[PDB]
Amino acid sequence: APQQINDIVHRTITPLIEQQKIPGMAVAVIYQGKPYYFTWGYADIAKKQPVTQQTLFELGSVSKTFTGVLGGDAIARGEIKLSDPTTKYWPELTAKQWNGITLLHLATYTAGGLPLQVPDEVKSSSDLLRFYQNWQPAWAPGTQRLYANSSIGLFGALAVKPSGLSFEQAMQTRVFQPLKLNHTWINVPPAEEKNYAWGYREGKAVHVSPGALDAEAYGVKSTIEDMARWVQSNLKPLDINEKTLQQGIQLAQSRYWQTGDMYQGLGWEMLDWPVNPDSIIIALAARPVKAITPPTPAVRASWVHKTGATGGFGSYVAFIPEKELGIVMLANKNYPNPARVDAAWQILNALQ
């Protein structure tokens, strides 16, 4: 690692860890396309296990980028179309409010106010159908954006139906395997538990709890090496040999809607680069959206990013395609989003 990268990373993260009381953290900087790794602290405080390049962290909502790319791949394969009605892949959804709601609306949180969380009471397949049938939109489709797990979560579930594979099998075979993310999991196998960090919430060790559409919305666990590979794949999709996956990655970084200075892709969110650091910057935030008709194909001069959290973890990924630059920050404490973005910007701005 060039001393320059070493210095900006350490000078930025050391203080972050101190100020936020983060138990353990891993960071990857992709510079001129090559990855440089950094780790600090503990994966498990009680057992004194250090964070290493093999430690698994819960990605939380950064998992939505995988769902958006898997969806992009199904589109490229001709299995689904974002313009299709939700009812085409779920005929049992007969309630009238669903008329006009398309897979694009689900994927981009513009269905009309689907809730941030699926209630804990919802578990079985019949429970889920009931939940969506009973939901009453606050708004017409494609008029307001409300970030929601029950929205992109349903998109992920429907998107894999034509394939005949479960969401986990589809993700493994169409995304993880092709990209060689061999230590990325929806369900952590027993063989890999020795590497699964504990998350910390109010000092207590915790792992994410099972929930409906958890795989689709916030259930991926990964290492800093595999996430660095994920960032490189998204920085240069053309190097990817699998044709539909290469295309899927590109579809996920297309700009479908605009709210303020930000653009909504599939999972990924983007802003034009150069970005005002404070512009990159609440339990529920409903914002009107302007449709980008037709969507803008992935713009190289973009700050592409996604924040993620679970009760015990906090993650952040951001990259700038035009500069072959990127960063992944994984931590086992859910600390403020502004602090993650401030650190990422400080590091990437210094190397750009």
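## Some remarks on the pattern of salt bridges
A side chain with one charge can pair with a side chain of the opposite charge if their charged atoms come near.
Here's step 1: In the structure shown here, the tally under the stated rule is nine salt bridges.
Here's step 2: The salt bridge partner of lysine 81 is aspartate 84, with a shortest N-O separation of 2.6 Å.
Here's step 3: A relative accessible area of 42% means that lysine 81 is categorised as partly exposed.
Here's step 4: Residue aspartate 84 is classed as buried on the basis of its relative accessible area, which comes to 4%.
Here's step 5: Of the charged contacts, one joins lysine 88 and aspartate 84 as a salt bridge, the two residues approaching to 3.4 Å between their closest N and O atoms.
Here's step 6: The network of salt bridges with common partners includes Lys81, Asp84 and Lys88.

## Thoughts on the pairing of strand β15 (residues 313-320)
Here's step 1: Counting buried positions along β15 gives eight out of eight residues, so the element sits mostly inside the fold.
Here's step 2: As defined by bridge partners, β15 adjoins strand β16 (residues 325-331) across seven bridges and the pair is classed as antiparallel. Each residue of the ladder has a partner; that of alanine 318, found in β16, is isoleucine 327.

## Some remarks on the UniProt feature "active site" in the protein
Here's step 1: The UniProt record marks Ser61 with the feature "active site", using the residue numbering of this structure.
Here's step 2: What makes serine 61 buried here is its relative accessible area of 9%.
Here's step 3: Excluding residues within four positions of it along the chain, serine 61 makes contact with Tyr147, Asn149, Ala217, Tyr218, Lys306, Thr307, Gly308 and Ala309.

## Considerations on the sheet that holds strand β13 (residues 290-296)
Here's step 1: Sheet architecture is open: ten strands sit in the order β3-β2-β1-β16-β15-β14-β11-β10-β9-β13, paired in antiparallel fashion. In this open sheet, the two strands that pair with only one neighbour each are β3 (49-50) and β13.
Here's step 2: With four bridges connecting them, strand β11 (residues 269-272) and strand β14 (residues 302-310) associate as antiparallel partners. Residue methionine 270 lies in a different strand from β14, and its bridge partner there is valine 304.
Here's step 3: Helix α8 (residues 224-235) contacts β1 (24-31), β2 (34-44), β15 and β16 of the sheet and is inclined by roughly 150° relative to β16.

## Re the environment of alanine 205
Here's step 1: Tracing the backbone through its elements, the reader meets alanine 205 in strand β7 (residues 204-206).
Here's step 2: Placed 69 residues apart in sequence, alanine 205 and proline 274 show a C-alpha to C-alpha distance of 39 Å.
Here's step 3: In this structure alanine 205 touches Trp198, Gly199 and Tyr200, once residues within four positions along its chain are discounted.

## Focus: the packing of helix α2 (residues 63-76) against α8
Here's step 1: Axis separation between α2 and α8 bottoms out at 12 Å; the angle between their running directions is 45°. Overall, the two elements α2 and α8 adopt an arrangement that is oblique. Judged by the sense of rotation from one axis to the other, the crossing of α2 with α8 is left-handed. Taking contact as the criterion, the partners of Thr65, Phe66 and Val69 in α2 are, on α8, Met227, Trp230 and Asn234.
Here's step 2: Grouping the constituent residues of the contact of α2 with α8 by class yields four nonpolar, two polar and no charged.

What counts as what
Residues numbered from 1 in each chain as written, not as in the entry; some residues may be left out. Heavy atoms only, no water. Residues with missing side-chain atoms left out of burial classes, pairs and counts. Salt bridge = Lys/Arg side-chain N within 4 Å of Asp/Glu carboxyl O. Buried < 20%, exposed > 50% of the residue type's maximum accessible area, 1.4 Å probe, protein only. Helix = DSSP H or I, 4+ residues; strand = E, 2+ residues; numbered from the N terminus. Pairing = 2+ DSSP bridges. UniProt positions renumbered as here; feature names shortened; annotations may be inferred. Contact = heavy atoms within 4.5 Å. Axes fitted to C-alpha atoms, helices over the stretch in contact; angles between N-to-C directions. Parallel < 35°, antiparallel > 145°, perpendicular 65-115°, else oblique. Left-handed = near helix turned anticlockwise from the far one by under 90°. Nonpolar A, V, L, I, M, F, W, Y, C, P; charged D, E, K, R; others polar.

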